[PDB]
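[1] Any chance you could fold what I've pasted below:
(chains A and B)
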Amino acid sequence: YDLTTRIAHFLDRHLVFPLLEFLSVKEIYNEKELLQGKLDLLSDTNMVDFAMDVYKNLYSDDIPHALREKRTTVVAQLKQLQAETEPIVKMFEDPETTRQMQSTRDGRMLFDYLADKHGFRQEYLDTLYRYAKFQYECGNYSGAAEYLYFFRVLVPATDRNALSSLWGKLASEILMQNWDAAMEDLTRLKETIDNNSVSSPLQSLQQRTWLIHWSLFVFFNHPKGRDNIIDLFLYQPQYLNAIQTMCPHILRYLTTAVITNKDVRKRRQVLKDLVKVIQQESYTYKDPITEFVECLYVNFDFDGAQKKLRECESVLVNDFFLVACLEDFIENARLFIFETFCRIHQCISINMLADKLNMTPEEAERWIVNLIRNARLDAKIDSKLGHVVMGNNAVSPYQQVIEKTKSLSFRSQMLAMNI
Amino acid sequence: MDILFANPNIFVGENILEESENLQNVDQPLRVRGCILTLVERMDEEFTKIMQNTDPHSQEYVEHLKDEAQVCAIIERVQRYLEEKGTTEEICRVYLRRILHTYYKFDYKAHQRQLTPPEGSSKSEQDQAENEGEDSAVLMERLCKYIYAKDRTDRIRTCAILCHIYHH
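    Numbers count the residues shown, from 1 in each chain, chains lettered A, B, ... in the order given. Here you go, the structure:
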């Protein structure tokens, strides 16, 4: 692929502001912890997710990172460190810097209202340029940045400053929880990547990763963002080669967002073109919980598979990542493996499903009746042995061939009989 | 090469002694230092010509294969005698010479280093020059891919990438 040869010389030399260091010596579910570390570096420090990281397993070392930025909210980081009792004696930058920033906002704010009121085209651009330095320097001041970016955005060096501003507004208001602003810049970012800029190797890759970071976590209508991201740049499960790929996780959410919002016909293409392409072949042997879902599905097992998927449910229900639709994923994973299994089956005992998944046999019967009720399974149910029996053995293919061969030719001869 | 390794730029002059010295006059000391590789290159040429034209099943063919280690050892002597200003320009040819001594390599050497029990294996100062010595070629190969993003000799780039696919 073109853009892949662009990657091939470079070899994971990505430009990230945290450099390389993330929260060390982590215990539970190491693939999830490793994923959190590559994501923290590629999102330029998350922040919010540090609390989530500590909630699943007790770690002290967010303090670590959390002490070293001030523009989240100076008072919040200072309260976080003094709750811990970190005895820094290095908190002297902020009263000087914030006092310069206060004078800078008010001595911009007077011009803010004049430039709006006068409406003069040079004055508004000069006031915007005089603003642009300040909001780059501190966006905490978040609503001040949003007011500035509501109108013009663009300053004389357009591409870099506009694109960094869209990433910064999207990142800030995802952290602050202002979803409408985040939804606006998810939309504004995917519009902005067309033209593009110089598109020097790493820039295009960072843009792909930023699209993954806003799409990933699920607030409102993220299945539409799933549709927009996959056919954008043409269908990949990770969107980078050069062996080190591990984002890792997006295919899990993507598969569920196909299953609960679309027909599964349709998962035949996902199996070839996302699962068996070499980017996922690289990812699969870095995530055995993802591997069990795909490897059990493609080999069609009946009773190693169902136990291992139930074993995987136990880890997945203890995933503290944002995803919204958690039991929706798990329940349609149970349905989709059963639906896949039943495609060519002769029989299934109602009890033998029930023992296996740890459910009662009546609950299992009513669940199978719900497959039939939705037309996800042709069947008869034996009332007195308690077994569901399938029978789609279609005797006589000849007629539906006969339909087509003589409908076209005979009517074509009738068309001929008129000149 | 032994005289050159003993010397480090005596007789080059470099304006410390001039009566009677100078490889910088008649002329250009870096050009003279670079010409030494181009002399080794004529041995590099002729050795390739011998092993092209000697019979496939002769005992001479088996015997002359022994000399390839002697040639490769000279390339290692030459690569350890540069000198950054000779390295930047000869690297495109030196990359190719490294490829010539790599692009027909067989399984057994890779199997010996990767599969011999580390508890039992080498622990040792000479061994951990020589083992690291062998995988120096794939250390250079990973650097050279990035270095070739400077260069535009795309016949060499295309040739090297095909060899890297063979090596990988």
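[2] Next, give phi and psi for residue A:388.
    Dihedral angles of residue A:388 (phi, psi; degrees, to the nearest 10) stand at phi -100, psi 130.
[3] By residue count, what's the longest helix in chain B?
    Counting residues, the longest helix found in chain B (DSSP state H) is helix B:29-53.
[4] residues contacting residue 154?
    By default, I'm working from chain A. Going by Cβ atoms under 8 Å, 6 or more residues apart in numbering or on different chains, residue A:154 touches A:161, A:162. Every C-beta, even on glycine, is put in place using the N, C-alpha and C of the backbone.
[5] try it again with 10 Å
    Residues near residue A:154 by Cβ atoms under 10 Å, 6 or more residues apart in numbering or on different chains: A:125, A:128, A:132, A:161, A:162, A:165.
[6] Among those residues, give me the pair with the biggest separation.
    Pairwise distances across the contacts of residue A:154 peak at 15.7 Å for A:125 and A:165 (criterion: Cβ to Cβ).
[7] Closest to the centroid, which residue in the chain?
    Picking chain A for this. Most central in chain A under Cα atoms, centre = their mean is residue A:216, positioned 2.1 Å from the mean C-alpha point.
[8] Nearest to chain B within chain A, name that residue for me.
    Using Cβ to the nearest Cβ, the single residue of chain A nearest to chain B is residue A:9, 4.5 Å away.
[9] so what's that residue closest to, chain neighbours aside?
    Setting aside the residues directly before and after it, residue A:9 is nearest to residue B:149 in space (Cβ to Cβ, 6 or more residues apart in numbering or on different chains), at 4.5 Å.
[10] Next, work out how far apart the one you found and residue A:5 are.
    Distance, residue B:149 to residue A:5, by Cβ to Cβ, to the nearest Å: 11 Å.
[11] shared neighbours of these two, which are they?
    Both residue B:149 and residue A:5 are in contact with residue A:201, where contact means Cβ under 10 Å, 6+ apart.
[12] helix or strand for the most far-flung residue of chain B relative to its centre, which one?
    The outermost residue of chain B relative to its centre, with distances by Cα atoms, centre = their mean, is residue B:19 at 35.1 Å. Here residue B:19 is covered by no helix or strand, with elements defined by DSSP states H and E.
[13] so who does it touch?
    Shown in contact with residue B:19 (Cβ under 10 Å, 6+ apart): residue B:13.
[14] sorry, back to before: more neighbours: which of residue A:125 and residue A:165?
    residue A:165 (22 against 15; other Cβ atoms under 10 Å in any protein chain shown).
[15] The more buried one and residue A:150 touch, don't they?
    No: the pair residue A:165 / residue A:150 is not scored as a contact, 11.7 Å apart, by Cβ atoms under 10 Å.
[16] So residue A:24 is in contact with residue A:37, correct?
    Yes: using Cβ under 10 Å, residue A:24 is in contact with residue A:37, at 9.1 Å.
[17] who's more crowded, these two?
    residue A:37 (19 against 9).
[18] Tell me if the more buried one really is in a helix.
    Yes: Residue A:37: assigned to a helix according to DSSP: H, G, I helix; E, B strand; the rest coil.
[19] and it, what does it touch?
    Going by Cβ under 10 Å, 6+ apart, residue A:37 touches A:18, A:20, A:21, A:22, A:23, A:24, A:26, A:53, A:246.
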